[PDB]
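Asks: If it helps, the file is called input_10.pdb and holds PDB, C-alpha atoms:
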```pdb
MODEL        1
ATOM      1  CA  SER N   1      34.292  81.220  18.702  1.00  0.00           C
ATOM      2  CA  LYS N   2      30.614  80.538  19.297  1.00  0.00           C
ATOM      3  CA  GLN N   3      29.632  80.372  22.968  1.00  0.00           C
ATOM      4  CA  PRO N   4      26.189  78.679  22.892  1.00  0.00           C
ATOM      5  CA  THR N   5      25.119  79.577  26.432  1.00  0.00           C
ATOM      6  CA  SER N   6      21.646  80.075  24.998  1.00  0.00           C
ATOM      7  CA  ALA N   7      19.686  79.927  21.726  1.00  0.00           C
ATOM      8  CA  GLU N   8      19.459  76.229  20.915  1.00  0.00           C
ATOM      9  CA  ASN N   9      17.400  74.208  18.465  1.00  0.00           C
ATOM     10  CA  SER N  10      14.595  73.164  20.794  1.00  0.00           C
ATOM     11  CA  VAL N  11      13.899  69.491  20.065  1.00  0.00           C
ATOM     12  CA  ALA N  12      15.801  68.653  16.889  1.00  0.00           C
ATOM     13  CA  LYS N  13      15.555  64.875  16.858  1.00  0.00           C
ATOM     14  CA  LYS N  14      16.850  61.775  18.604  1.00  0.00           C
ATOM     15  CA  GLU N  15      18.998  59.033  17.130  1.00  0.00           C
ATOM     16  CA  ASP N  16      17.802  56.691  19.856  1.00  0.00           C
ATOM     17  CA  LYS N  17      14.111  55.995  20.417  1.00  0.00           C
ATOM     18  CA  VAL N  18      14.541  53.127  22.883  1.00  0.00           C
ATOM     19  CA  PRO N  19      12.484  54.019  26.014  1.00  0.00           C
ATOM     20  CA  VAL N  20      14.577  52.565  28.864  1.00  0.00           C
ATOM     21  CA  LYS N  21      15.595  49.002  28.001  1.00  0.00           C
ATOM     22  CA  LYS N  22      18.508  46.691  28.925  1.00  0.00           C
ATOM     23  CA  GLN N  23      18.372  48.206  32.440  1.00  0.00           C
ATOM     24  CA  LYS N  24      20.536  51.096  33.645  1.00  0.00           C
ATOM     25  CA  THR N  25      24.289  51.433  33.168  1.00  0.00           C
ATOM     26  CA  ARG N  26      24.681  53.251  36.518  1.00  0.00           C
ATOM     27  CA  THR N  27      25.847  56.410  34.779  1.00  0.00           C
ATOM     28  CA  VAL N  28      23.635  57.701  31.973  1.00  0.00           C
ATOM     29  CA  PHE N  29      23.292  60.643  29.617  1.00  0.00           C
ATOM     30  CA  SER N  30      19.978  62.382  29.041  1.00  0.00           C
ATOM     31  CA  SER N  31      18.407  62.963  25.647  1.00  0.00           C
ATOM     32  CA  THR N  32      18.520  66.657  26.516  1.00  0.00           C
ATOM     33  CA  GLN N  33      22.325  66.697  26.477  1.00  0.00           C
ATOM     34  CA  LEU N  34      22.450  64.268  23.553  1.00  0.00           C
ATOM     35  CA  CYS N  35      20.211  66.541  21.475  1.00  0.00           C
ATOM     36  CA  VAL N  36      22.325  69.618  22.228  1.00  0.00           C
ATOM     37  CA  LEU N  37      25.539  67.735  21.477  1.00  0.00           C
ATOM     38  CA  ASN N  38      24.221  66.378  18.175  1.00  0.00           C
ATOM     39  CA  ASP N  39      22.731  69.725  17.185  1.00  0.00           C
ATOM     40  CA  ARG N  40      25.929  71.634  17.941  1.00  0.00           C
ATOM     41  CA  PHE N  41      28.007  69.039  16.104  1.00  0.00           C
ATOM     42  CA  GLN N  42      25.740  69.520  13.089  1.00  0.00           C
ATOM     43  CA  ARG N  43      25.516  73.328  13.267  1.00  0.00           C
ATOM     44  CA  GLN N  44      29.201  73.846  14.044  1.00  0.00           C
ATOM     45  CA  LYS N  45      32.255  71.845  13.002  1.00  0.00           C
ATOM     46  CA  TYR N  46      33.134  70.437  16.431  1.00  0.00           C
ATOM     47  CA  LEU N  47      33.874  71.519  19.991  1.00  0.00           C
ATOM     48  CA  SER N  48      36.825  73.852  20.224  1.00  0.00           C
ATOM     49  CA  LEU N  49      39.169  74.133  23.187  1.00  0.00           C
ATOM     50  CA  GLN N  50      37.050  76.909  24.653  1.00  0.00           C
ATOM     51  CA  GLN N  51      33.687  75.424  23.652  1.00  0.00           C
ATOM     52  CA  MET N  52      34.294  72.345  25.813  1.00  0.00           C
ATOM     53  CA  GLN N  53      34.698  74.575  28.897  1.00  0.00           C
ATOM     54  CA  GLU N  54      31.543  76.516  27.975  1.00  0.00           C
ATOM     55  CA  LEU N  55      29.622  73.279  27.548  1.00  0.00           C
ATOM     56  CA  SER N  56      31.025  72.025  30.836  1.00  0.00           C
ATOM     57  CA  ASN N  57      29.675  75.079  32.653  1.00  0.00           C
ATOM     58  CA  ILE N  58      26.268  74.746  30.998  1.00  0.00           C
ATOM     59  CA  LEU N  59      25.699  71.079  31.791  1.00  0.00           C
ATOM     60  CA  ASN N  60      27.174  71.510  35.282  1.00  0.00           C
ATOM     61  CA  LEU N  61      29.848  68.979  34.350  1.00  0.00           C
ATOM     62  CA  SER N  62      33.621  69.005  34.560  1.00  0.00           C
ATOM     63  CA  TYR N  63      36.008  70.281  31.893  1.00  0.00           C
ATOM     64  CA  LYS N  64      37.917  67.049  32.453  1.00  0.00           C
ATOM     65  CA  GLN N  65      34.766  65.071  31.714  1.00  0.00           C
ATOM     66  CA  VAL N  66      33.672  67.117  28.693  1.00  0.00           C
ATOM     67  CA  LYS N  67      37.129  66.938  27.116  1.00  0.00           C
ATOM     68  CA  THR N  68      37.477  63.204  27.712  1.00  0.00           C
ATOM     69  CA  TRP N  69      34.051  62.411  26.243  1.00  0.00           C
ATOM     70  CA  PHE N  70      34.896  64.376  23.105  1.00  0.00           C
ATOM     71  CA  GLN N  71      38.360  62.840  22.684  1.00  0.00           C
ATOM     72  CA  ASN N  72      36.976  59.330  23.209  1.00  0.00           C
ATOM     73  CA  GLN N  73      34.327  59.794  20.525  1.00  0.00           C
ATOM     74  CA  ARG N  74      37.067  61.408  18.463  1.00  0.00           C
ATOM     75  CA  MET N  75      39.689  58.660  18.831  1.00  0.00           C
ATOM     76  CA  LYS N  76      37.196  55.796  18.360  1.00  0.00           C
ATOM     77  CA  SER N  77      37.430  56.284  14.593  1.00  0.00           C
ATOM     78  CA  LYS N  78      41.164  55.596  14.622  1.00  0.00           C
ATOM     79  CA  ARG N  79      41.473  53.018  17.386  1.00  0.00           C
ATOM     80  CA  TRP N  80      38.255  52.064  19.178  1.00  0.00           C
ATOM     81  CA  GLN N  81      35.915  53.376  21.881  1.00  0.00           C
ATOM     82  CA  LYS N  82      36.834  52.448  25.448  1.00  0.00           C
ATOM     83  CA  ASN N  83      34.730  52.649  28.614  1.00  0.00           C
ATOM     84  CA  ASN N  84      37.683  52.198  30.974  1.00  0.00           C
TER
ENDMDL
END
```
Any chance you could give the structure as structure tokens?
Replies:
Amino acid sequence: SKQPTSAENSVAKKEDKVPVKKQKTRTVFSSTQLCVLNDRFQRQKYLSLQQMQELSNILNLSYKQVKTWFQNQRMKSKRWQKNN
């Protein structure tokens, strides 16, 4: 696999350029993570079973969280995205 613990594309681009509007949704994702996610999804095919645990360690998040985020964005194409 590819374990991207380092060597990223420093500042690729952002899909969102909306500087803090509509208030805060309590929990939020940073453009830093978003950029890395989008870059890696463009450079690679997707996140593999191992890659999600790597990513989890890098962003100091949980494997349960990283997997669920991916599967939600994955399944939205077939069913729909859910916040729960």
Asks: Expand the PyMOL selection byres ((chain N and resi 63-77) around 10) into the explicit residue set it covers here, and present it as a list in words.
Replies: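 Applied to this file, the PyMOL selection byres ((chain N and resi 63-77) around 10) selects residues 46, 47, 48, 49, 50, 51, 52, 53, 54, 55, 56, 57, 59, 60, 61, 62, 78, 79, 80, 81, 82 and 83 of chain N.
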Asks: For the PyMOL selection byres ((chain N and resi 32) around 10), applied here, can you spell out every residue it catches as a ChimeraX atom specification?
Replies: /N:10-11,14,29-31,33-37,59
Asks: Grab the atom CA of residue 16 of chain N to atom CA of residue 38 of chain N distance for me, in Å with one decimal place.
Replies: 11.7 Å
Asks: Run the PyMOL selection byres ((chain N and resi 2) around 9) mentally over the shown coordinates, then write out the matched residues as a PyMOL selection string, using the chain letters and numbers from the document.
Replies: chain N and resi 1+3-4+44+51
Asks: What does the distance between atom CA of residue 42 of chain N and atom CA of residue 12 of chain N come to in Å, to one decimal place?
Replies: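 Atom CA of residue 12 of chain N lies 10.7 Å from atom CA of residue 42 of chain N.
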Asks: Tell me, in Å to one decimal, how far atom CA of residue 13 of chain N is from atom CA of residue 39 of chain N.
Replies: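 Going from atom CA of residue 13 of chain N over to atom CA of residue 39 of chain N, I get 8.7 Å.
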Asks: N, CA and C atoms are needed for segment 6-40 of chain N; please write them out as a CSV table (one decimal), in the frame of the given file.
Replies:
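part-v5.csv, written as the output of this step:
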```
chain,number,residue,atom,x,y,z
N,6,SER,N,23.1,80.0,25.2
N,6,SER,CA,21.6,80.1,25.0
N,6,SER,C,21.4,79.9,23.5
N,7,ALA,N,20.1,80.0,23.1
N,7,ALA,CA,19.7,79.9,21.7
N,7,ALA,C,20.1,78.6,21.1
N,8,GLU,N,19.3,77.6,21.4
N,8,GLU,CA,19.5,76.2,20.9
N,8,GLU,C,18.3,75.9,19.9
N,9,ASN,N,18.5,74.7,19.3
N,9,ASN,CA,17.4,74.2,18.5
N,9,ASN,C,16.5,73.3,19.3
N,10,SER,N,15.5,73.9,19.9
N,10,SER,CA,14.6,73.2,20.8
N,10,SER,C,14.0,71.9,20.1
N,11,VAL,N,14.4,70.8,20.6
N,11,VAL,CA,13.9,69.5,20.1
N,11,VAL,C,14.2,69.4,18.6
N,12,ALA,N,15.4,68.9,18.3
N,12,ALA,CA,15.8,68.7,16.9
N,12,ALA,C,15.3,67.3,16.5
N,13,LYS,N,15.9,66.3,17.1
N,13,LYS,CA,15.6,64.9,16.9
N,13,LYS,C,16.4,64.0,17.8
N,14,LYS,N,16.1,62.7,17.8
N,14,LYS,CA,16.8,61.8,18.6
N,14,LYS,C,17.3,60.6,17.7
N,15,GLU,N,18.5,60.2,17.9
N,15,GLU,CA,19.0,59.0,17.1
N,15,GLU,C,18.5,57.8,17.8
N,16,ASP,N,18.3,57.8,19.1
N,16,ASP,CA,17.8,56.7,19.9
N,16,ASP,C,16.4,56.9,20.3
N,17,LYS,N,15.5,55.9,20.0
N,17,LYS,CA,14.1,56.0,20.4
N,17,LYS,C,13.8,54.7,21.2
N,18,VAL,N,14.7,54.3,22.1
N,18,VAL,CA,14.5,53.1,22.9
N,18,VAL,C,14.2,53.5,24.3
N,19,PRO,N,12.9,53.6,24.7
N,19,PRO,CA,12.5,54.0,26.0
N,19,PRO,C,12.9,53.0,27.1
N,20,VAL,N,14.1,53.3,27.7
N,20,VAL,CA,14.6,52.6,28.9
N,20,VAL,C,14.5,51.0,28.7
N,21,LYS,N,15.5,50.5,28.1
N,21,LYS,CA,15.6,49.0,28.0
N,21,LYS,C,17.0,48.6,28.3
N,22,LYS,N,17.2,47.3,28.6
N,22,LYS,CA,18.5,46.7,28.9
N,22,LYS,C,19.0,47.2,30.3
N,23,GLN,N,18.1,47.7,31.1
N,23,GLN,CA,18.4,48.2,32.4
N,23,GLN,C,19.2,49.5,32.4
N,24,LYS,N,19.8,49.9,33.5
N,24,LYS,CA,20.5,51.1,33.6
N,24,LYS,C,22.0,50.8,33.8
N,25,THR,N,22.8,51.6,33.2
N,25,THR,CA,24.3,51.4,33.2
N,25,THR,C,25.0,52.2,34.3
N,26,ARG,N,24.2,52.4,35.4
N,26,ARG,CA,24.7,53.3,36.5
N,26,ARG,C,24.7,54.7,36.1
N,27,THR,N,25.7,55.1,35.3
N,27,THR,CA,25.8,56.4,34.8
N,27,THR,C,25.1,56.5,33.4
N,28,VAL,N,24.4,57.6,33.2
N,28,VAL,CA,23.6,57.7,32.0
N,28,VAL,C,23.7,59.1,31.5
N,29,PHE,N,23.4,59.3,30.2
N,29,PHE,CA,23.3,60.6,29.6
N,29,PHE,C,21.8,60.9,29.2
N,30,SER,N,21.4,62.1,29.4
N,30,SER,CA,20.0,62.4,29.0
N,30,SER,C,19.9,62.8,27.6
N,31,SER,N,18.7,62.6,27.0
N,31,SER,CA,18.4,63.0,25.6
N,31,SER,C,18.5,64.5,25.5
N,32,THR,N,18.4,65.2,26.5
N,32,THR,CA,18.5,66.7,26.5
N,32,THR,C,19.9,67.0,26.1
N,33,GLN,N,20.9,66.4,26.8
N,33,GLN,CA,22.3,66.7,26.5
N,33,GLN,C,22.6,66.2,25.1
N,34,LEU,N,22.2,64.9,24.8
N,34,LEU,CA,22.4,64.3,23.6
N,34,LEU,C,22.0,65.1,22.4
N,35,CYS,N,20.8,65.7,22.5
N,35,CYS,CA,20.2,66.5,21.5
N,35,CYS,C,21.1,67.8,21.2
N,36,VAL,N,21.5,68.4,22.3
N,36,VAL,CA,22.3,69.6,22.2
N,36,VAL,C,23.7,69.3,21.6
N,37,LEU,N,24.3,68.2,22.0
N,37,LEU,CA,25.5,67.7,21.5
N,37,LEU,C,25.4,67.5,20.0
N,38,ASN,N,24.4,66.7,19.6
N,38,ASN,CA,24.2,66.4,18.2
N,38,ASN,C,23.9,67.6,17.3
N,39,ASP,N,23.1,68.5,17.9
N,39,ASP,CA,22.7,69.7,17.2
N,39,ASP,C,24.0,70.6,17.0
N,40,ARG,N,24.7,70.8,18.0
N,40,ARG,CA,25.9,71.6,17.9
N,40,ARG,C,27.0,71.0,17.0
```
